[PDB]
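Chains as they are written, first to last, in my numbering: chain W, 196 to 780; chain Y, 196 to 780.
Where is the CB? At the ideal position from N, CA and C, for every residue including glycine.
Remarks on the structure that follows.
Number of protein chains: 2
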Amino acid sequence: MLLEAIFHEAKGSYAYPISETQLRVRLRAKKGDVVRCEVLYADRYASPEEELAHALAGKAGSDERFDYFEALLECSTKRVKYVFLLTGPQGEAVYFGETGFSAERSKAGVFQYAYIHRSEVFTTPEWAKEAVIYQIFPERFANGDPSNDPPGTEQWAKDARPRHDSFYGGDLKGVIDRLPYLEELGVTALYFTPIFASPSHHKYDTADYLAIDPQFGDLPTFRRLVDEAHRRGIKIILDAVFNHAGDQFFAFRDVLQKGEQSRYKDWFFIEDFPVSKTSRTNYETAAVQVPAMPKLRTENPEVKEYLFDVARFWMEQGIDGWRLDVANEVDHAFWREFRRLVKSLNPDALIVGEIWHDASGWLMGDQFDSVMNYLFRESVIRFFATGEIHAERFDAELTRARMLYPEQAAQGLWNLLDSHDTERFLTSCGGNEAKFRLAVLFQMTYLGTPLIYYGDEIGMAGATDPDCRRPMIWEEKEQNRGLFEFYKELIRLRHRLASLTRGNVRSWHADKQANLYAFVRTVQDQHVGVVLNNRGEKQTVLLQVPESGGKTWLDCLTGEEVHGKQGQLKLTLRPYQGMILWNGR
Amino acid sequence: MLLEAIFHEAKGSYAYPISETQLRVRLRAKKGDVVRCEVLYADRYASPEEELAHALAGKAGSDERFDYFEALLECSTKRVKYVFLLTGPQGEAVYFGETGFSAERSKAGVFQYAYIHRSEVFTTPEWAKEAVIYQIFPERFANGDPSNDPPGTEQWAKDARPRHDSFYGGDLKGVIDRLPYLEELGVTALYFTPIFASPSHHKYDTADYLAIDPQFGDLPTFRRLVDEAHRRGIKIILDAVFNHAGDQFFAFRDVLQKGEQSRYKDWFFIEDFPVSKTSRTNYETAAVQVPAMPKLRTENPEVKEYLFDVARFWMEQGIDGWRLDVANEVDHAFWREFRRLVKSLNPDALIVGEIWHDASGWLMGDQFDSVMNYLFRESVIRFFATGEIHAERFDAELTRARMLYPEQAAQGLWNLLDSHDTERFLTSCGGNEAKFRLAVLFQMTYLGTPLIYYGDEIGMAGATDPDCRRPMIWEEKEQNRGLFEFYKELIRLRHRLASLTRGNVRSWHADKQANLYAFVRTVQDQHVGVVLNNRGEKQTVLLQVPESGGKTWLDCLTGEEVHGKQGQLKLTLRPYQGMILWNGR
Ligand SMILES: [Ca+2]
Ligand SMILES: [Ca+2]
C-alpha cells in the first residue's frame with residue numbers, strides 16, 4: 196500500500212469532537228490500499244502497560260482517488276491518544292501514528308487530541324439543521340406598494356425579458372403579502388440579497404448600513420415582515436457586505452472631502468491624495484478598479500466596532516442570521532469575534548459564508564456555521580443538466596466535497612441549484628422538466644440545506660443575469676402547479692424523515708453505464724435510501740440490502756411497497772424517476 | 196509520479212505569508228517522485244486571458260519518505276490564486292490545483308489564498324530570533340540568601356546527590372550574585388521553572404499567583420533581579436502554570452470550605468460536594484488523581500480574567516515572556532486572547548508553549564510564538580548520545596520536523612539537550628565529552644533557539660530527576676572551564692554569523708556509513724557550513740561545492756583556511772570533530 200498516500204491529522208476535518216467525550220477521527224488512503232482500519236486509543240495519561248481501547252473505523256466513502264475511513268472514539272476523560280492499525284489486501288499489518296508508519300505499534304508513536312473543551316465543540320442552530328431556505332431577490336419577487344417604485348418601472352408580466360438596468364418595483368410589502376404562499380410551500384427561512392440603502396441598482400455599495408433602501412421599504416415595514424414571517428414559521432436572513440462599503444458611505448464621504456484630515460482616513464486602504472479621480476482609483480476597492488466600493492479595514496477596531504453595531508442593530512429588529520458576502524477577505528479575527536457577538540445576542544442566529552474555494556479555515560466552528568455549497572451545484576449541474584459526467588463520477592465529486600469539512604458544517608451547507616448570478620436550472624436542463632425533477636429530488640434528499648431560488652418552484656425559466664431575475668409569476672394559470680406541488684411533497688417528506696435532515700450519507704450504488712446513483716441517509720435506526728435513475732429509459736436495478744437495515748421498504752413518492760429477497764431489492768425505475776425508500780423505522 | 200502521495204493546502208504550514216505581499220507555498224510528494232515543481236499564479240480577479248506569473252519552487256528538503264518543495268509568491272494585490280506544474284523523472288508534466296490533477300492547466304483548478312491581512316502575518320520578537328536561553332532551576336542554581344533556606348537544607352557540595360525531598364536553598368538572590376557569570380557565558384535570557392508561592396517542593400501546585408515563594412525571595416528581590424539582568428542584556432522568562440492551580444489556591448480553598456455555597460465553585464470541575472479525598476477525588480485534576488492540582492476552568496470569564504490579571508501583574512514587574520505549562524490543555528480561545536493581552540503590553544514579550552505532540556494548531560501565529568523542540572532533543576539523543584540512529588536517519592528526523600510548522604515558528608523553537616525532568620546530556624553520552632561537545636556544536640549552529648540547562652556548560656552530570664538537579668558547581672577548580680570556554684566560543688560565533696540565527700537550513704551531506712552529517716545555514720549571500728564527523732575514527736570526505744557559493748572557506752573554530760577545487764571540498768576530521776565553515780561573506 197502506498198504509505199505516502201495515507202493521511203491524518205489530530206485537528207481540522209480529520210479529528211474533531213462531537214460532544215465533550217466523543218472524538219470523531221477520519222483517515223484518508225489510496226483507494227483500495229486499505230481494507231480494514233481500526234483505532235487503538237486510550238487516555239493521554241494512561242499507563243504504558245494499560246489495555247488499549249478498540250474502535251473499528253468503517254469505510255465512510257471513496258472519491259476519485261482516495262478512500263476515507265471514519266471512527267468515533269469514546270473519551271470519558273476528554274483526553275485521548277491514538278494509533279491506527281491499517282490492514283491491507285494481502286493481510287499486511289501496518290501501524291500508523293504521529294511518529295510515522297511501522298510494523299511495531301510502539302515505533303509508530305501515537306496521535307494526541309490534547310483536550311476537549313465544550314466551548315470548542317462545533318455547534319450550530321437547531322432550526323437550521325432541518326430548515327429549507329428560500330432566496331429572495333427583492334426587486335423581482337413581489338411589488339406590494341407601487342408608491343415606492345422608481346421611475347421607469349416596467350410591466351409585471353410572464354412575457355417580460357429584463358435588461359441590465361431594468362426595474363420592476365419589487366419590495367418588502369410584496370413579500371409580506373406573499374408569506375401565505377411561501378408558507379404553503381414549507382420554507383423555513385427567507386434569504387435576501389443586499390437590501391440596505393444604496394444609490395445603485397444592485398445595492399452592493401452600501402450607502403447606509405442602518406437603513407432599508409427607500410425603493411424596498413422602511414424600518415417599520417421591515418419589522419412587519421420580520422413578525423409576519425415569524426408567525427408563519429419563517430425566519431429572515433439578511434445579506435451583509437462588510438468586506439467593502441459604498442462610495443456614498445458617510446465615513447467614506449468624509450474622506451472624499453477632508454482627505455488626509457479625515458477622521459476616518461484609517462478606516463480604508465488609501466494609497467495617496469487627493470482622495471480620488473475618474474476611471475482611476477488610488478484606494479483599495481472590491482475586486483479590481485471599482486471606485487464605488489472602497490475596501491473597509493476590518494482590522495481597525497473602530498471599523499470593527501461600527502460593523503458590529505450594524506450587526507447589533509438588525510438583530511434587534513429580530514432577524515435570524517447573516518449570509519456573509521466575500522467573507523474570505525475579512526480577517527479571521529473579525530469573524531471569530533463577530534460570531535461571538537452574534538451568538539451572544541441570539542444563540543440561534545445563523546452565520547453563513549460565501550467562499551468559492553476550500554473554506555475549511557472558516558468552518559472549524561469558531562467562525563461561520565456553513566458556506567454556500569458551490570461544489571454541490573457544480574456536481575448536480577454537470578450530472579443532471581449537461582451530462583458532462585456519469586453517475587460514478589457524480590458520486591466521486593460528491594464524496595470528496597463531503598469529506599472537506601467536519602460533519603457539523605457539511606450538514607448545514609447551503610445546497611443551491613442556481614442564484615441571481617446564474618442562469619436558472621430549468622434553463623440548464625434545456626427546459627427538460629424530467630431532469631429538473633430528479634435534481635430537485637436529490638437536492639431535497641441530500642446532506643445540507645436546500646436553497647430554492649425564487650420562482651424555480653413554479654417552473655420559472657431563464658438565461659443568466661439578468662434573465663434569471665424575471666418577475667415572479669403569480670398567475671396561478673401561468674404557474675407550473677404540477678411542479679410546485681412536487682416541491683411541497685418533497686419538503687414535506689424531508690421535514691418528517693429525520694434521516695434526511697440529520698442523517699449521514701453513504702453511497703449505495705453507482706453505475707457509469709446505467710448512470711443510476713443511489714445513496715442512504717441514516718440517523719439512529721431510520722434509513723432512507725434514495726435511488727436516482729438519471730437516464731431516459733425504463734431500467735431495472737438489483738440493490739444490495741443487508742437484512743440488518745430492515746426487510747421491507749416503502750417508496751414515499753408512490754406508496755409502492757418493495758420487498759427484499761436474500762439481501763437484494765429489485766427496483767424498476769421509469770425514465771428519470773427517483774425513489775425514496777423508507778425503512779419504516 | 197504517484198499523485199495520491201502529493202500534498203498541499205491553502206493554509207497552515209503549507210501556505211502562509213511572510214510579508215504583507217509575499218506568500219510562501221509548500222508541496223510534498225513521494226521521495227524521488229517529482230523532479231521539478233513550478234508555481235504558476237496570478238491575482239484572484241485577474242482576467243482569464245492574462246499571463247500567469249511563474250515561481251520556481253526549490254526543493255527545501257526531504258525526509259524518510261517525502262520531498263519538500265517550497266516557493267515564494269509575489270502578491271502585490273495581497274490576493275492570489277495559483278496552480279502547480281509538476282514534472283516527473285521521465286518528463287511527464289501535470290498541473291496540480293484545488294480541483295485535482297490533470298495534464299491540462301485549466302482542469303487542475305486553482306488554489307486560493309483569499310487575502311493577506313497584516314494582522315495575520317506570523318510575527319515574533321526580534322530579540323528571540325538571535326537569542327540563547329539558559330534554563331534556571333531556582334532551587335539549585337545559587338543560594339545568595341541563607342536566611343530564606345527551607346528547614347532541613349543540606350550542605351552545598353559537589354559530591355551531593357539530591358533525593359526527592361532534598362533542599363539546597365537556591366534562590367533569586369543567588370541568580371543575581373551570579374549575573375556576571377551568565378553575562379560572560381553570553382546568555383541573553385533566563386528561563387525559570389515555577390517560582391510562585393506553593394506549599395510543595397516543586398511549586399507546580401500554585402498557592403499564590405501573585406507572590407514569590409519565600410524560599411526564593413520576594414517581589415523587591417524579583418524586581419532587582421529583572422533590573423540587574425536587564426542591564427546585562429539578559430531577559431526574564433517565567434513559567435506559567437495556567438492549566439491547574441494548587442489546592443491551597445485562594446479560590447479552591449473557598450469552595451473547600453463552603454462547598455456549593457462558594458462563589459468560586461464554577462472555577463473548577465466538580466462532580467459532587469463535599470469536595471475532597473486522598474488518591475481519589477470528586478473533581479477533575481491535572482493528569483490522573485492529583486488532588487493538589489485541581490484543573491482551572493480557563494473557559495470561565497472569571498477564571499480567564501484572573502490569570503490574565505495575574506499575567507499583567509508580572510509583566511508590570513518587567514518580565515520578557517512566558518513558558519506555558521501543559522498549555523495544550525487550555526482552550527484555544529484563551530490562548531488567542533492571552534496573546535493579544537501580552538503583545539499589547541509588550542510587543543517583544545515571548546510566548547513559548549510546551550506540547551509533546553504536533554503543535555501546529557497553536558503555531559499558526561495567533562497563539563504561541565514557538566514551543567520546546569522535544570523532537571530536536573530526541574534526534575540529538577539518539578544520534579549523538581546513544582547512536583541508535585545513523586547520520587542519514589538523523590537527517591530525516593531533523594528535516595521532517597523542520598517542515599512541521601511555519602518558518603516563523605520553526606525559526607524560534609527552543610532546542611534543548613535536556614531538562615530538569617531528564618538526565619543530563621553528558622550522562623546520556625555516557626560521560627564521553629567528545630560526544631557531548633559535538634552535540635553542543637550542532638545545537639549552537641542549528642535552526643532554532645539554543646536552550647542551555649544550568650551547569651551543562653561547565654560539565655555537570657547526572658541521571659534523571661532528581662540526580663540532574665544537583666547544586667550548581669561554582670568552585671572554578673571543580674568546574675570544566677574547557678567546556679565553558681567551548682560554549683562561549685560557539686555562543687559568540689552564533690551572534691556574529693547572521694546565518695546561524697536568521698538563516699534557513701539545507702542538508703549538505705549525509706553518509707550512513709561514515710555517520711557524517713553536514714548542513715548549511717544561509718541568509719543573503721552568507722553561507723556557513725557545518726560538518727560533523729560523529730565517529731571515533733579519523734575520517735576524510737568530499738563535499739560538493741559549486742563555485743557559485745564561494746571557493747574559499749574558513750574554519751571558525753580552528754581558523755584553518757580550506758579551499759575548494761573543481762567544485763569539491765576535501766575535509767579531514769578528527770574523532771568527533773566538528774567544523775564550522777564560514778564563506779566570509
Ligand atoms: Ca414597490
Ligand atoms: Ca536561600
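Run through chain W and tell me which residues come within less than 7 Å of residue i, C-beta to C-beta.
i	result
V483/Y	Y240
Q307/Y	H552
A200/Y	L197, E199 and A200
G556/Y	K206
Sorry if obvious, but does the Cβ on residue i come closer than 6 Å to a heavy atom of ligand 2?
i	result
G650/Y	no
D366/Y	yes
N778/Y	no
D340/Y	yes
residue 193/Y	One cannot answer for residue 193/Y here, as it falls past the ends of chain Y, which runs 196 to 780.
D504/Y	no
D344/Y	yes
Considering only heavy atoms of ligand 1, does any lie closer than 6 Å to the CB of residue i?
i	result
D408/W	no
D561/Y	no
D413/W	no
What residues from chain Y crowd round residue i, counting only those whose CB sits closer than 9 Å?
i	result
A596/W	Simply none; closest approach about 11 Å.
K225/W	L197, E199 and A200
Along chain Y, which residues have their Cβ under 7 Å away from the Cβ of residue i?
i	result
residue 158/W	The first residue shown for chain W is 196 and the last is 780, placing residue 158/W beyond what the model contains.
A205/W	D553
How would you list, in chain order, the residues of chain W whose beta-carbon sits under 9 Å from the beta-carbon of residue i?
i	result
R260/Y	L198, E199, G295 and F296
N523/Y	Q307, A309 and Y310
Starting from the beta carbon of residue i, find every residue of chain W whose beta carbon is closer than 8 Å, and list them in chain order.
i	result
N627/Y	Within 8 Å Cβ-Cβ: nothing; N627/Y doesn't reach chain W, min ~27 Å.
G292/Y	Per Cβ cutoff of 8 Å: no residues; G292/Y is ~10 Å from chain W at best.
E494/Y	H312, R313 and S314
**Prompt:** Mind pulling the alpha helix (DSSP H) runs of 4 or more residues that sit fully within the region 202 to 252 of chain Y?
**Reply:** none
**Request:** Scan the region 271 to 336 of chain Y and note each continuous beta strand (DSSP E) run of 3 residues or more that stays entirely inside, going in chain order.
**Result:** 275 to 282, 288 to 291, 306 to 308 and 328 to 331
**Prompt:** Touch check for the region 372 to 388 of chain W and the region 423 to 432 of chain W: three-plus C-beta pairs under 8 Å?
**Reply:** yes
**Prompt:** Would you call the region 603 to 615 of chain Y and the region 555 to 572 of chain Y in contact, with 3 or more CB pairs under 8 Å?
**Reply:** yes
**Request:** List in chain order: all unbroken alpha helix (DSSP H) runs of 4+ residues lying wholly within the region 555 to 623 of chain W.
**Result:** 569 to 575, 586 to 597, 602 to 605 and 620 to 623
**Item:** At least three beta-carbon pairs within less than 8 Å, the region 569 to 584 of chain W to the region 520 to 538 of chain W
**Value:** Because the criterion of three Cβ pairs below 8 Å is not met, the region 569 to 584 of chain W and the region 520 to 538 of chain W do not touch.
**Asked** Does the region 312 to 322 of chain W touch the region 245 to 259 of chain W, meaning 3 or more C-beta pairs lie closer than 8 Å?
**Response** no
**Message:** Using a Cβ distance threshold of 8 Å, determine whether the region 537 to 550 of chain Y contacts the region 299 to 315 of chain Y, with at least three qualifying pairs required.
**Reply:** no
**Message:** Threshold first: 3 residues or longer. Then list the beta strand (DSSP E) segments lying entirely within the region 647 to 735 of chain W, N to C.
**Reply:** 699 to 706, 711 to 718 and 721 to 728
**Request:** Would you mind listing the alpha helix (DSSP H) stretches within the region 332 to 395 of chain Y that are 4+ residues and don't spill past its ends, in chain order?
**Result:** 333 to 336, 367 to 372 and 374 to 380
**Prompt:** Can you find at least 3 beta carbon pairs, one from the region 362 to 374 of chain W and one from the region 679 to 690 of chain W, that sit closer than 8 Å?
**Reply:** no
**Prompt:** Quick one: any contact between the region 475 to 484 of chain Y and the region 346 to 353 of chain Y, if contact means 3 or more CB pairs under 8 Å?
**Reply:** In the pairwise beta carbon analysis, the region 475 to 484 of chain Y is classified as not touching the region 346 to 353 of chain Y: fewer than three pairs are separated by under 8 Å.
**Message:** Under 8 Å, with one C-beta from each stretch per pair, do the region 227 to 245 of chain Y and the region 619 to 639 of chain Y reach the 3-pair mark?
**Reply:** no
**Any 3 or more C-beta pairs closer than 8 Å across the region 757 to 769 of chain Y and the region 660 to 678 of chain Y** = no
**Request:** Count the C-beta pairs between the region 449 to 459 of chain W and the region 397 to 409 of chain W that are closer than 8 Å, then say yes if the count reaches three, no if not.
**Result:** no
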